[PDB]
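1. Before the rest arrives, take these chains from my complex:
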Amino acid sequence: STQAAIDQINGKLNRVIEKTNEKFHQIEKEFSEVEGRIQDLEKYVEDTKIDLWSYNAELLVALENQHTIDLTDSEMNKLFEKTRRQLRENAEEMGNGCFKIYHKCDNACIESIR
Amino acid sequence: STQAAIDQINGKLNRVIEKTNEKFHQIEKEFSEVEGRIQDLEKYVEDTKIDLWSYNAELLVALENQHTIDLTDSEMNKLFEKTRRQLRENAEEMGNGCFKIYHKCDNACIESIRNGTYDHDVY
């Protein structure tokens, strides 16, 4: 019996190690998924943002072609540079006056977002 | 003295079993909140992006009903197309250039975002 008793406590106690060990691995897996969504969601917010800013620059570049607006004018030059800044900070500057917008959130990533 | 030592070890074990089970439930709740939070934020990012493309489209339109621009020119059209897609892609594309903009992030969803309330347990 004392032996039996010690044998039991040791059996019970190994159940606990085993249960807790596994639950921890589960918790580690969920953490990876969650942090997974977050890094996708933020890639999307980023992609979303350069889309809208790249449109803004385009619209300006559209209106100055049909001479609807003056981009050298000051008040208007501000706005124009506001859009050109975002483009530089968030896109590949090719030959002066061009940009290559690379999207960070691909189709698969856009998907997790659903 | 041994049974004393034994039955004492057992009670301590039953404590550990109780405390860790409680903490495991609490880690469950927190994972739910963290999870609904990413959901609501994914929504807010949606409504937010749509309201911004409607506006753009509408801008393109108001400028047409005043003949400032012709939505049929090469370049001014490319622009129209961009906002058009986003609207199809994200709104109820009803017929004749009409659309129903649906907002996924409800009111309280917007409170949740704005109010970072997390019942964060500390063992």
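-> In hand now; what should we look at? Numbering: from 1, shown residues only, chains lettered A, B, ... in the order given.

2. Please make it C-alpha for all contacts and neighbour counts, starting now.
-> OK.

3. which bits of chain A sit near chain B?
-> A:2, A:5-6, A:9, A:13, A:16, A:34, A:37-38, A:41, A:45, A:48, A:52, A:55, A:58-59, A:62, A:68, A:113 (Cα under 8 Å from any Cα of the partner chain).

4. Quick one: buried ones out of these?
-> Burial by neighbour count, 16 or more other Cα atoms under 10 Å in any protein chain shown: within the residues of chain A next to chain B this picks out A:9, A:37, A:38, A:41, A:45, A:48, A:52, A:55, A:58, A:59, A:62, A:113.

5. quick one: contacts for the last one?
-> For residue A:113, the set of contacting residues under the criterion of Cα atoms under 8 Å, 6 or more residues apart in numbering or on different chains consists of A:37, A:40, A:41, B:42.

6. which element follows the strand or helix carrying the last one toward the C-terminus?
-> Assigned by DSSP states H and E, residue B:42 belongs to helix B:2-62. Tracing the chain past helix B:2-62, the next element assigned as helix or strand by DSSP H and E is helix B:74-90.

7. Go ahead and add chain C:
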Amino acid sequence: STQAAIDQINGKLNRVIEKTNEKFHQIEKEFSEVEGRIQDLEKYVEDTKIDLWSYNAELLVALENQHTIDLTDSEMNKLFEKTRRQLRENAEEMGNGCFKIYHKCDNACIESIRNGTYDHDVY
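-> Chain C, in position alongside the others:
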């Protein structure tokens, strides 16, 4: 033996207790890193938004000044009252048509949005 059997049981049990406790502690830390990156994202979303909406209101104005439009024309004035409601919402309306725009995600916060760090523990 019995005493050593018993010393073993207790030293193993406290090994467990010590180890669950530290893990529970690393779990709590991770909940905070996570819940922390989610708020930084919410903030950067707000600022990202407000930036685009205020740019909208300023182009309406810079266009009127170039005379390209007239914010009195019902269609364009609607556009303007649109941006005005986005600002008026996510910003401090001064009262005289001036808006105090607060920027919630600082350079530190914005960095996390790049860093992508979570000392992800593995027990």
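
8. ok, back up a step: do the helix holding residue B:42 and chain C meet?
-> Yes: Helix B:2-62 is in contact with chain C by Cα under 8 Å from any Cα, via B:5-6, B:9, B:13, B:16, B:20, B:23, B:30, B:34, B:37-38, B:41, B:45, B:48, B:52, B:55, B:58-59, B:62.

9. what's the angle from that helix to helix C:74-87?
-> Using axes from the mean of the first three to the mean of the last three Cα atoms, to 10 degrees, the inter-axis angle of helix B:2-62 relative to helix C:74-87 is 160 degrees.

10. Pull the residues that contact stretch A:13-26.
-> B:13, B:17, C:13, C:16, C:20, C:122, C:123.

11. Next, the buried residues of that stretch.
-> For stretch A:13-26, burial by neighbour count (16+ other Cα under 10 Å) applies to A:13, A:16, A:20, A:24.

12. Same check on stretch A:71-87?
-> A:71, A:75, A:76, A:78, A:79, A:80, A:83, A:84, A:87.

13. add one more, call it chain D:
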Amino acid sequence: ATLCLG
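-> Adding chain D to what we have so far:
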């Protein structure tokens, strides 16, 4: 909400 463009 609704919206009719062209």
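
14. Go back to the contacts of stretch A:13-26, now with chain D?
-> Contacts for stretch A:13-26 (Cα under 8 Å, 6+ apart): B:13, B:17, C:13, C:16, C:20, C:122, C:123.

15. any chance of the residues you listed in JSON lines, plus distance to residue D:6?
-> JSON lines is the format used below for the contacts of stretch A:13-26 (distance: Cα to Cα, whole Å):
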{"residue": "B:13", "distance to residue D:6": "73"}
{"residue": "B:17", "distance to residue D:6": "67"}
{"residue": "C:13", "distance to residue D:6": "74"}
{"residue": "C:16", "distance to residue D:6": "69"}
{"residue": "C:20", "distance to residue D:6": "64"}
{"residue": "C:122", "distance to residue D:6": "57"}
{"residue": "C:123", "distance to residue D:6": "60"}
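
16. what's the closest residue in space to residue A:86 that isn't next to it in sequence in contact with, if anything?
-> Take residue A:86 and drop its neighbours on the chain: the residue closest to it by Cα to Cα, 6 or more residues apart in numbering or on different chains is residue A:53, 6.9 Å away. By Cα under 8 Å, 6+ apart, the residues touching residue A:53 are A:83, A:86, A:87, C:52.

17. one more time with 10 Å, if that's ok
-> Taking Cα atoms under 10 Å, 6 or more residues apart in numbering or on different chains, we find residue A:53 in contact with A:59, A:82, A:83, A:84, A:85, A:86, A:87, A:90, C:52, C:55.
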